[PDB]
Every structure is written in C-alpha cells, then in structure tokens.
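Listed below are the residues making up each chain.
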Amino acid sequence: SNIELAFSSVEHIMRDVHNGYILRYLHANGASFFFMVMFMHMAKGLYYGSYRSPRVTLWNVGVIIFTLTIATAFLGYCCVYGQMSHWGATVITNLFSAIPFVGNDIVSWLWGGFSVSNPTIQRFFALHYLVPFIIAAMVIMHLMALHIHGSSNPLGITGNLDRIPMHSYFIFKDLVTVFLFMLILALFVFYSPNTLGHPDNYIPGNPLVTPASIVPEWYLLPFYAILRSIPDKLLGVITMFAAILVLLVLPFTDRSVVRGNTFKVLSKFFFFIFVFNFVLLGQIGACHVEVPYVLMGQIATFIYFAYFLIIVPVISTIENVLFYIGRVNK
Amino acid sequence: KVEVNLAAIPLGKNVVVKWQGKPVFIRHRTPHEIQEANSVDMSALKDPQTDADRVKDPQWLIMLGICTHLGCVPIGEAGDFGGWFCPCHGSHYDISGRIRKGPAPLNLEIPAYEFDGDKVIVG
Amino acid sequence: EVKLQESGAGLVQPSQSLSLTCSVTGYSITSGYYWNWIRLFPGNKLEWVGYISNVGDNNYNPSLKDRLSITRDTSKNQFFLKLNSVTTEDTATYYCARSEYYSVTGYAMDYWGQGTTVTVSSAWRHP
Amino acid sequence: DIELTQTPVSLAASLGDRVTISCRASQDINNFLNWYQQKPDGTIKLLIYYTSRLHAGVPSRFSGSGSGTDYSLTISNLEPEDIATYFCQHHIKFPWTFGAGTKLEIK
Amino acid sequence: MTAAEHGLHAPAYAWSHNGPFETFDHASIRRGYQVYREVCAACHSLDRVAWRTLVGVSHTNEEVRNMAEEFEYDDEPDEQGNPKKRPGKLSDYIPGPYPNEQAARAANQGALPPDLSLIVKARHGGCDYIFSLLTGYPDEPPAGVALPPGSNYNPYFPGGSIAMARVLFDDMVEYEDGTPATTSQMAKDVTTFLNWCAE
Amino acid sequence: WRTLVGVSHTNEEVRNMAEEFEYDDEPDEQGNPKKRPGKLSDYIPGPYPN
Amino acid sequence: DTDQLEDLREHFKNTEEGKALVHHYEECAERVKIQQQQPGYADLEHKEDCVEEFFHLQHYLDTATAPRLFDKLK
Ligand code: HEC
Ligand SMILES: C/C=C(C)/C=C/C=C/C(OC)[C@@H](C)[C@H](OC)[C@@H](C)CCc1oc2c(O)c(OC)cc(OC)c2c(=O)c1C
Ligand code: FES
C-alpha cells in the first residue's frame, strides 16, 4: 500500500506472481461483472415490484449493499494508484468538501494530509479489505429478510399454492447461469482483460497533472453524469446522492393495487423508457461537456427522478382505474 | 517554501512547480493577456475580482492549480476564455485564473509570496 | 472592450462653471480601478486634474483642489468634472482616463477618452 | 510637486532611424515612470509603464530604460506613424506630473 | 471536441498477434529489441523489464547474459564500506539512459520521455497507435499550423504538437536476420516488442 | 530533529544543531546531485554511511 | 530499400479519391498562404488552418493502406 511501492507491487503481481495476471484480471473484471449483475438484479426487482408489499426491508437492505459495494469498489480502484486512481481518490473525497461548515476538515481528515498522498492510499487499502466483510454481513441480513416471506414470482401474485423445494431444481437451475457467467467472464479475463478498463491507469499517478482523458469507471458514469448536469457545486453532489436514495421512495409512489409489470401496458412501456434513459445517462457521462450533451444530460436527469416521483404514481393510479372501468357494469 | 527562477520563464509560457504537495501555476503573461485580464466587467464573474487584487506584478500570474470544484489540476492554455480548463467537470478559467463557466465556485487561489530579484519565493 | 466618451460645454464664459461628462461602456466605474481627468494646454504641458475611485473617493491636484469637484452616476455609468469659476487660464483640451494600480508597477492610465476641447471666451453660443 | 524635464524638446529625424528622448526628476521616483504617445489628431495612448513594461499594442521596436532620476524612450525605426508627441509621467506620490512633451517631425 | 485535439484515429493494421489463437511473432520481437536498443534506448527507459525475461522469449541465456554485462550496477560496498560497481546480471532490470527526471527533462528541451514498459497498454489503439505514430510524421505540417519551436507535427498525437521528432529512417539499423530495415518494418518490430514488454 | 523542540531545547537551538549537517536535496536543472543544510523535519545523521 | 508504407501512400495518393482529396487540401493551403501576406494576419483571431482537410486525406490513405501494409512486411 505504500504510495511509492503501490503501483509497482501491482505490476509485480502481473509480471512475477504465478498466475498473478489471472488473479488481477479476474478481480478487476469480476468487479465489473459484479455491477452488470447487480444492475440486473436491481432491475428485475424494480420491474416485478419486489420492493413492495412485505419485502420493503429486504429492498432497503439491498439499497445499503448498493451504496457499500460502490464504496468498496472505489476504495479498491485507488489501490493501483494509476492516474485514474489518484484523481478518482481526489475528486471523490472532495465530494465531502461540499458540506457547509466542517467540509474541508472532513476532507483533510480522510486524506490524513494536505492532499492525496501515502496516508490516503494506505488507509484506503486497509478499508478496502474491511468493507467486503461488512457487505458479507449485510448480505446475511438481506437473506434473513428474504427468508421470512420467500421470493416473489413473475405473476406478482402469491406462490403459496404451488411450492417446490430449493434442492434439485433451483440448485441445478442456478448451475446453468453460474457456468454461463463464468464462460463470459473467462472470455474477458483471457481474451480481452483490459477492454472494461481505462488506459490512463497504466500510467503511475501524478499529483501535478490531471489527464485530459479522465473518465470514471463505466459503472459509475450515470451517476457521474447526474452530478455534471447541475452547474452548482453543492446541488451537484446533493442531487447525485439523491439519485441513489430515491430508490427508497418506490414502495410509496407505486400506487398500483397489483404487483409487477407483467400485466401493465403503460408500466412496461415506461419501465424501458427508464432503462434506456439510464443507459443514455451513462453515455452522456462518457461524453464531453459540450453543447448538445449538457442539455441532454439535464433532460435525462429530470426523467430519471421524474420516474419515481411522477410517472409511476400517476401511471399506476390510471391503470388502477383503467383495470376497474374496463369490466365493471354496476 | 519554494524558489522559482523567474528569469528562466519565457513570455507566453506556463510553468508548474510543486509546493507542499499542491501544484503552483506561474505564467509570464503577455501585454495582451494582461489587458484582457484587467478589461473584464465584474458583472460577468460569479466570483468578482480585479486582476490587480490577484497579481502583485501584472507580468506574473501566480496561483494554485487546484480547481475549486472537486480538486483537479486545470489544463494550461485551454478553455473558452484563453486560460485554463478543468477536464474533470468542465470548468473554465481566464488569464487571471478567475472562474467563468462551470461548477467551480471560486477563482483559482492566490497563495502567499514575494519577489527577490529574478526569482519569486512562494510559500 | 472599454470605451470612454467625452461630452459637454465646449465653450464657456468666465466666472461660470466648466462641466464635462465622461461616459464609460464595456466596464463599470464601480467595478474597476481609478477614474482620472487631465487637461492639455496649447503650451504642450499636461496637468493631472484629479480622480475618483471605484469606491467613491476623491484626490485632486493641490492646485485646483478647491474649485473642482468630481462626481459620478453609477446608473448611467459616467463620471464628471466641474471646475468652478473659470478663467482664460483654464482653456485647454480635457481628457478622461482610467488608470490601474498594481503593487509592483504602480499606476498607468491605460484607457483614454476622445478629448473635448473647451474654450473660455466671452463670445456667445446658443445653449 | 516634482517636475520632469523633457529633452530634447520638439526634435526631428528621418524616415527610418533610432531616436532617444529622456525625462529627469527633481526628486527620486524609483522606477514609477510611464510614457504616453499623443497622435496628431488628438488621440492619447499608453506606450510604456513602470520604466520598462510595454502596454498592449505597442510595437516591440519600442524600448525603455533607466532608473532613479534618468529615463529614456528609445525607438528602432520611425517608419512610419511614429510621428507624434511623447510625454512622460511619474506616480510615486500625488499629484502626478508629466513632461514638457517631445514633438517629432519627419524631415 | 475539434478533430485535431482528439488526434487522428489510428487505423487497424493486421498484426500477427491479433487473434484468439495467435501468439506474438517472436522473431519480430527479437528485431524490435535491436531497434529499441540502437534507436529508442537513448531516451526511453524500460524500467519494468528485467533481463531474465528475454531469455527463451527473444534471445538465448548466453545472449542476454552478454547484453547485461555491458552495463554497471551498484554492488554492496567493499570490506571498508566504500561503494563499488559491478557488471550487471540476469536478475537486474534494463537500465534507462537518464539518472533522474531532471537530467531527462534537460536532455529533451523540458519534455519527459515516458518509460516504454507499458505504453502499448497505456494508450488507445495500442499497437496501432504506437505504430501509426512512429510512421505518421509528415514532412510539413498542414497549412496554417503554428508549430511551437522545438515541437514537431504528428497528426495521430492529440493536439498535433509532440515533443518527440521523427527518429525512424530507412536502413538506420542492420537487422541481424537480414530483413530489410525499412522505416515501417522497424516500426512494426519495436511495437511488437513493446507489446510483449507490456503484456 | 523537530522532536527535541519543546522537550530539551528551543526551536532556534534545534534549527541550529540541524543546519550543521548536510542532507541530500533534489538535483538541480541538469540533474546534478547537490547537498543542503539540515532542517527540523530531518533525522539525526549517523556517523557511518553504512 | 524504399519504405513499404511510402510506396503505398504514393500509389493511393494518385487515385480518383486520392487526387480529389489532395486537391481540396491544396485548394485550402493556397487559400491560407494568401491570408498570411494580407494586412495584419498576426492580429486576426480567426486564422484558418487546413488540418480538417489534411485529416480527410490522411484518413483516406489510412483506410487504403492499413489492411495491406503488413503483407509486404516481414
Ligand atoms: C530522444 C531523442 C528520443 C528518441 C530517440 C525516441 N523518443 Fe520517444 N519520446 C521522446 C520524447 C521527448 C517524448 C515525449 C513527447 C511528448 O510530447 O510527450 C517521447 C514520447 C514517446 C511516446 C509516447 C508519446 C505519447 O503518446 O505521449 C512514444 C509512443 C515513443 N516516444 C516511442 C518511441 C520509440 C518506440 C522510439 C524508438 C524507435 C522512440 N520513442 C525514440 C524522445 C525520444
Ligand atoms: C473511505 C470511503 C470514502 C472516503 C468515500 C467513498 C464514497 C463515495 C461514493 O459512493 C459510495 C462514490 C463512489 C460516488 O457515489 C456518489 C460514485 C457514484 C462516484 C461518482 C464519481 O466518480 C468519479 C470517478 O470514479 C473518477 O475517476 C477518475 C473521476 C470523477 O470525476 C473526475 C468521478 C466523479 O466526478 C464522480 C461524481
Ligand atoms: S474539478 Fe474542475 S470541474 Fe470538477
């Protein structure tokens, strides 16, 4: 973790440790897959209304795990101490300098110095090791919360009438995806290890030069984009953090009397509008801060939030009524 | 505390030096840059300041290359104000180092320093 | 950029006041540095009349110090000159200029006005 | 009230050769001395400030030197619009005072 | 962002190592080493590559041992504590041309030659960009390009103004294996060696 | 050195004891190793180089 | 020996697209050369450059040479 040795120890892993590269490429790519899957897992639930009914606490725990995973991930990205590392370390810790009074103090406290230096990278490794074990704990709670009500299902109705044990069905069904998962991760680790990364990170971090090519990790982009879309320093970070916290609102704004999107025409539509919007958001993030893109980023940010706050409640209420009048002849 | 050989620095050039871990910007400004710095209405600055308040000697622009937004080092001779541009979130700085466009809330910082002939002692 | 326009009484009879106005654009009198006035005698001697800062403080030449008065209109963005009790002595061509100040280089009047030539005559003119 | 003494006063020269004007103070002005150029039409520009500093738009062929009480306004080639009146002022203490003026004619 | 700032997009040359089943062409690697040693090594370090790594890759155990013994590294002080040099060995790393960054920046008009050890991975285009750069030097910058003194125009380099000048010219190297050392043949060879160095 | 300040000696006294020794400094413009007088942030120099 | 990338850049500089592209480029250079003599080019803050056109040219040749070049190399 020593700042003068950090980057090189990582190369030592790549160049000298037996299968060291396999270890590194697996960890790095495993990090991206973690998010591709996490996003899917989140989406499925967001679609099938898993955040509803008695499963709220389940969903709320899941939201914490999301915030924690993103944190763990960023702590680890700093450990390579490449250009992206250093500057990611810088910008992100500075996110707290937005806090009104104590601001700068929280920031220099974290750094443990005048700027991102040895103290920063060494405590960051320390913490990158610690959080995973907390996530693990957080997972067992996610499981305990799951276990009292069981999983939902695509129909969005009760599954009490027809149950089948986890063993010899879902143990084997799970195996299929496990393998499929490993097959694609192997394709990246062995044949395209660096496609998901950023080249700037192969250049040792330098405190006097931020590269004109600086771009956040692909899985952070949508959030990066939302922050860039607000021309105020403080509002920029408040809005960004809000974009994550807004997911907690969902069990209260979904006014529908039935669970899931399987039978809702207007919801399925607006769901995909949200999905793609999210991708567009992440795309704007990889772009520059230039004319058509800024405004685009702002329109999309609006949509993102407007989805949980306006669309869903407005749409679901209409669908409730639509479902009613379409068959009531009192 | 750091000593920079000003006699070395040519005219239309920027120089970066390390001071307490943060980079210090020093530009040997041209007469056009100096005029362009002192000929800008405060109404167009979110953080108002005359180039006089910032520089001690109009020929040398000395400051901290730390973007006041989230801490990146702005790129020299870049932007839409012929100054510096922070690649991180798109902030623009003029030849006085004042914040023009972008999230950055304050003009680049002016450190403490004095001259001692053909050299400046920053710190 | 910056512009300074001089306008006003281009001919005045003795025992009266000399009022010249200096309109600025492309910069605010309140924002900047120093706003001076100077006159150019035919004898080719320049005399510094006095100024008014961006704050609102005056500093006049000890000579004219008790006759002149320099004020300003923030709203119209223009500073003035009012030299009371003029004599054939005051005939010269006046200029309004902006002078900066930098700790190390001192002053320097960088932006000048067109230059209005006033004549102190006993002649007549339609007001 | 310090006063500058411009000399040579109202001198002349050819159409492409160096000249040398100069101001002299009664007190000491350090280096606080500027040089202005008054065109034939009546326009008054800034050429040099604080002994050596060139203002924006003034050709590189314009030098300037000295200190204390003796200064100078050099030139490389008066070709062509150099024909004008060149003043000089101090500013170490109020009130500021200019020179006598040095006319320039192309013979 | 203006096309010039981004820099011209390097095309895709058909490298012999591109392909899920293709290995590097070691013969090309060997040639590239020579190009680096005789042309690049005067300004570019290769800090992350120890001698032992060429053995069984591009050269022989004997060959490498020889190349290493052509340089001096510090050994532990003698019996009386006085410093003393020693001829390099396989366990050492390839020595760079400069002792420090200042010496390096001094010898290149303020610029600083990046260590080539991972340049292929540290850039977009990798092999393609590296190669197109070494060859991409026109004899005259396009009309209207104000080029800073001490700078050279290369279209593939972001901003067009690179501090490195063209260094590859025909036959400036005598390839031990006979191959005609044309400027593009040399470019192909170092790049393949640089790719190996990095991966 | 600094660790003596306020314990056994004064800020000046330590600065003075420190400056009597030379320590390696960043090479100059052309990369030539040059020395420098000790400072408070330094560690008491030993008598033998190795 | 003559460099393989040059030999190819030359053959492709002399094709219809090649000559058209170099023409547009040369018509630009010729337009700039004029501006440079004209009254006060040093002061204009609008100065046109021919990079865009040099890029279209260069790009074209890249597209043509790139998939071919390596067959000629060892
Ligand atoms: C000293 C005369 C050099 C020789 C010989 C070679 N290179 Fe070089 N190189 C040198 C400098 C001054 C720089 C920096 C330029 C800048 O503006 O940053 C470089 C840079 C490179 C780079 C990276 C450039 C970039 O993309 O930022 C590459 C890819 C590179 N050099 C490769 C290279 C190779 C392979 C050489 C031998 C054939 C070679 N260089 C020689 C100085 C010098
Ligand atoms: C010990 C732990 C500490 C101190 C703090 C960690 C917690 C913070 C987070 O949430 C967990 C944080 C990761 C954030 O969440 C809002 C992510 C969405 C990241 C958002 C993010 O990333 C960037 C990034 O990666 C970059 O790379 C070079 C560069 C960046 O600009 C140049 C950014 C950036 O501008 C933003 C907003
Ligand atoms: S750090 Fe410069 S804009 Fe965000």
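Residues numbered from 1 in each chain as written, not as in the entry; some residues may be left out. Chains lettered and ligands numbered in written order. Part of a larger assembly, values for the part shown. Heavy atoms only, no water.

Per the deposition metadata, X-ray crystallography was the technique used to determine this entry, at a resolution of 2.97 Å.

### So, the overall build of chain E
Here is the rule we go by: A run of H or I in DSSP counts as a helix once it spans at least four residues, and a run of E counts as a strand once it spans at least two, with each numbered from the N terminus. The classification of residues rests on relative accessible area computed with a 1.4 Å probe and restricted to protein chains. Under 20% of the type maximum is buried, over 50% is exposed, and intermediate values are partly exposed. In what follows, residue pairs with any heavy atoms lying within 4.5 Å of each other are defined as contacts.
Assigned secondary structure in chain E consists of 6 helices and 4 strands. In chain E, the succession of α and β elements from N to C terminus is α-α-α-β-β-α-α-β-β-α. Considered along the principal axes of its C-alpha atoms, chain E spans approximately 65 × 45 × 30 Å. Evaluated residue by residue, chain E yields a buried proportion of 46% over its 199 residues. Of the contacts formed within chain E by residues at least 6 apart in sequence, a portion of 63% connects residues at least 24 apart.

### Details of the state of the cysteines
Keep this limit in mind: For the purposes of this analysis, a disulfide is any pair of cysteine sulfur atoms at a distance within 2.5 Å.
All chains considered together, the criterion is met by 4 disulfides over all chains. There is a disulfide in this structure between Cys72 of chain B and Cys88 of chain B, and the S-S distance comes to 2.0 Å. Torsion about the S-S bond of the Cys72 of chain B and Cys88 of chain B cystine: about -85 degrees, corresponding to left-handed handedness. Within this pair, whereas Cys72 of chain B is found in the loop between β4 (60-64) and β5 (75-78), its partner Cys88 of chain B is found in the loop between β6 (83-86) and β7 (91-93), the two being separated by 16 residues in sequence. In this pair, the class of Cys72 of chain B matches that of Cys88 of chain B, namely buried. We note that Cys127 of chain E lacks a disulfide partner, and the nearest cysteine sulfur, in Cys197 of chain E, lies 11 Å from it. Take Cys127 of chain E: its relative accessible area is 8%, and that puts it in the buried class.

### Describing the coordination of the iron atom of ligand 1
Residues and elements named next belong to chain E. Put simply, the rule reads: For Na, K and Ca the donor cutoff is 3.2 Å, while for all other metals N, O and S atoms count as donors only within 2.8 Å; water does not appear among the atoms, so some sites may look incomplete. Angle rules define the geometry names used: all angles between 85 and 135 degrees makes four donors tetrahedral, while opposite donors over 155 degrees apart and all other angles between 65 and 115 make four donors square planar and six octahedral, leaving every other case irregular.
Note on the iron atom of ligand 1: its protein donors are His44 (NE2) and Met164 (SD). The metal-donor distances range over 2.0 to 2.1 Å. The site at the iron atom of ligand 1 holds 6 donor atoms, and with the angles between them running 85 to 178 degrees, its shape is octahedral. Of this pair, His44 sits in the loop between α2 (26-40) and α3 (61-68) while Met164 sits in the loop between β4 (161-162) and α6 (183-198); the two residues are 120 residues apart in sequence, bridging distant segments of the chain. According to the relative accessible area criterion, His44 is buried, its value standing at 11%. When its relative accessible area of 28% is taken as the criterion, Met164 is described as partly exposed.

### So, the interface of chain B and chain A
Note the cut-off: Put simply, buried area is the surface a 1.4 Å probe can reach on two separate parts but cannot reach once they are joined, added for both. Only one rule defines a salt bridge in this text: a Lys or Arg side-chain nitrogen within 4 Å of an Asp or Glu carboxyl oxygen. Polar contact is the term for a pair of N or O atoms within 3.5 Å; when the atoms are in protein, one must be able to donate a hydrogen and the other to accept it, and sequence-neighboring residues count only if both atoms are side-chain atoms. As a working rule, the residues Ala, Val, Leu, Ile, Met, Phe, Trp, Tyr, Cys and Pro are called nonpolar, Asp, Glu, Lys and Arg charged, and the rest polar, with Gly in that last group.
Across the contact, 21 residues belong to chain B and 20 residues belong to chain A. Interface area, chain B with chain A, both sides summed: about 1600 Å², of which 68% is carbon and sulfur. If you look at where chain B meets chain A, you find 0 salt bridges. Linking chain B with chain A are 4 residue pairs in polar contact, by the criterion used here. Within the residue set of the side of chain B that touches chain A, elements represented by two or more residues are β2 (14-19) and β3 (22-28) of chain B. Grouping the amino acids of the side of chain B that touches chain A by side-chain chemistry returns 10 nonpolar, 8 polar and 3 charged.

### Concerning the sheet that holds strand β7 (residues 72-73) of chain C
All names here are of chain C. The condition that has to hold: For two strands to count as paired, DSSP must find a minimum of two bridges between them.
Read across the open sheet, the 4 strands follow the order β1-β3-β8-β7; overall the sheet is antiparallel. The open sheet has two edge strands with one neighbour each: β1 (3-8) and β7. Here 6 bridges tie strand β3 (residues 18-25) to strand β8 (residues 78-83), and the two strands are oriented antiparallel to one another. The partner of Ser19 across the bridge, within β8, is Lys82.

### Concerning the interface of chain E and chain G
The partner chain G presents 24 residues to the 30 residues of chain E that form the contact. When the two sides are added together, the surface that chain E and chain G hide from each other amounts to roughly 2200 Å², 63% of it contributed by carbon and sulfur. On the chain E side of the interface with chain G, the three residues burying the most area are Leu8, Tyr13 and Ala143 of chain E, jointly 23% of the side's total. In this assembly, chain E and chain G are joined by 0 salt bridges. Taken together, the links from chain E to chain G amount to 12 residue pairs in polar contact. Those elements that provide at least two residues to the side of chain E that touches chain G are α1 (3-6), α5 (127-135) and α6 of chain E. Looking at the side of chain E that touches chain G, the element that brings in the most residues is α6 of chain E, giving 5 residues. Here the residues of the side of chain E that touches chain G sort into 16 nonpolar, 9 polar and 5 charged.

### Looking at the pairing of strand β9 (residues 119-122) of chain B
Within a regular beta strand, the side chains point alternately toward one face of the sheet and then the other, so they alternate between its two faces. Residue and element names in this part refer to chain B. Residue alternation in β9 divides its side chains into a buried set, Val120 and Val122, and an unburied set, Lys119 and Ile121. When strand β1 (residues 2-5) meets β9, the two strands line up antiparallel, connected through 4 bridges. In the sheet register, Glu3 faces β9, and the bridge partner there is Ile121. Here strand β8 (residues 113-115) folds back onto β9 in antiparallel fashion, the turn holding 3 residues, of which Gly117 has a positive phi close to 95 degrees.

### Comments concerning the sheet that holds strand β3 (residues 33-38) of chain D
Residue and element names in this part refer to chain D. With respect to topology, 4 strands assemble into an open sheet ordered β5-β4-β3-β8, the strand pairing being antiparallel. This sheet does not close on itself; its edge strands, each paired only once, are β5 (53-54) and β8 (85-90). Strand direction decides the pairing type here: β3 and β8, joined by 6 bridges, are antiparallel. Looking at the pairing, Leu33 lines up with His90 of β8.

### Structural notes on the site of ligand 1
Residue and element names in this part refer to chain E. Put simply, the rule is: Note on definitions. A residue lies near a molecule or strand when any single heavy atom of the residue is within 4 Å of it.
Neighbouring ligand 1 are 20 residues, the closest being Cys40, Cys43, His44, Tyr129 and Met164. A distance of 3.1 Å separates an oxygen atom of ligand 1 from a polar side-chain atom of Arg123. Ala163 places a main-chain nitrogen or oxygen 3.2 Å from an oxygen atom of ligand 1. Contributing elements (two or more residues each) for the shell around ligand 1: α2 and α5. Looking at the shell around ligand 1 element by element, the count peaks at 4 residues for α5.

### A few points about the pattern of salt bridges
Enumeration over the complete set of coordinates arrives at 31 salt bridges over all chains. When the shortest N-O distance is used, the salt bridge between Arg15 of chain A and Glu11 of chain A registers 2.9 Å. Remark: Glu11 of chain A and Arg15 of chain A occur in helix α1 (residues 6-15); sequence separation between them is 4 residues, near one turn of the helix. Exposure remark for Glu11 of chain A: the relative accessible area of 5% places this residue in the buried category. Residue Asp189 of chain E is joined to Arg31 of chain E by a salt bridge in which the shortest nitrogen-to-oxygen separation is 3.0 Å. With a gap of 158 residues between them, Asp189 of chain E in helix α6 and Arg31 of chain E in helix α2 connect regions that are remote in the sequence. Because the salt bridges share partners, they merge into one network encompassing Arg39, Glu47, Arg67 and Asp90 of chain C.

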